[PDB]
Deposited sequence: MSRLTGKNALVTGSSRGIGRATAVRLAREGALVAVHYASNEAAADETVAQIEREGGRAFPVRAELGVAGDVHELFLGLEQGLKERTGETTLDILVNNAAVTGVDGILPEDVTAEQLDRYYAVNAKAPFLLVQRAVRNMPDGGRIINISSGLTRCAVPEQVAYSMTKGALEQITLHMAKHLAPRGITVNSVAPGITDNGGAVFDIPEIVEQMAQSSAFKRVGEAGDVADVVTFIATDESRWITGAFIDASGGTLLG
């Protein structure tokens, strides 16, 4: 019950690492806004799991990286917080949603560079900007990056550019928000099982597994357990940091 009476928004928590994160924040007593783009069935399943486990959650639909995205998300978020608490306080923001076998550098288009940046860097910035209006002293901003910002993979150049921009939001906003006691940190996963069809193919899972020093792919919960710790009071002396949650991928 480390997060009793707190309110959290996990972007992209219908599926994958965001679902695992929403589930773990709710187990600690947070009221969780489960945000999704279009998969309402998956959002409703995250909420149902949280409720079955004795916590509280509600879904929020908003496609990010289009005109009106932040306003749409905050309309749903504040309505659901106000109905359940009488307040619109936001304690915890997890910028988890993203666009993700990559694109060879020669094949990347301007349209692809714009979509990746819209969703993966621009929307996170604008969500931080809006979220702090509601955020009390002692709040938490957690940006989900990627170990690819430290590990060269040409076919992930477009994606990795956006995660490099995301990490700058961590650096510069940690300094900006320090006076308010709001921390801002990056958590960087390695290859992580998000329930994608590729994780049902043992051959490919075994090749992907070799990337980790533990010679297994990450589970969504392995990353979500680290996010959950950063969301708690005991992380208060960590800000502006790169938190490696990759199972030793950057060791080689």
- What ranges of the deposited sequence are left out of this structure? 1, 102-103
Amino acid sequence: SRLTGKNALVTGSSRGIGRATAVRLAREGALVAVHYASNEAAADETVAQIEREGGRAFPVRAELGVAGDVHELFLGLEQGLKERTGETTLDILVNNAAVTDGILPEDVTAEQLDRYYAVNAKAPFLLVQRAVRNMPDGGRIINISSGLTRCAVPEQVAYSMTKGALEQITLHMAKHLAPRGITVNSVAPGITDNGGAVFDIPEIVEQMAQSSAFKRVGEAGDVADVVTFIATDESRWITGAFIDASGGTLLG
From here on, numbers count along this sequence of modelled residues.
- Message: I'd like to know whether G68, which is modelled here, goes unmodelled in a third or more of the other compared entries that cover its flanking residues.
- Response: no
- Taking only the other compared entries that model residues on either side of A30, decide whether it is unmodelled in at least a third of them. no
- Greater mean Cα temperature factor according to the PDB record, 90-98 or 106-114: 106-114
- Do the C-alpha atoms of 235-243 or of 12-20 have the higher average B factor in the entry? 12-20
- Message: In terms of recorded Cα temperature factor, pick the maximum from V184, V226, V32, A67.
- Response: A67
- Item | Third of the chain, ranked by Cα B-factor, where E167 sits | lowest
- Task: Could you tell me which third, lowest, middle or highest, the C-alpha B-factor of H176 occupies within its chain?
- Result: lowest
- Within this chain, which third does the Cα B-factor at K122 fall in: lowest, middle or highest? lowest
- Task: Using the B-factors in the PDB entry, rank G80's C-alpha atom against the chain and give the third, lowest, middle or highest.
- Result: highest
- Would you please rank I201 by its C-alpha temperature factor against the other modelled residues of its chain and give the third it falls in: lowest, middle or highest? highest
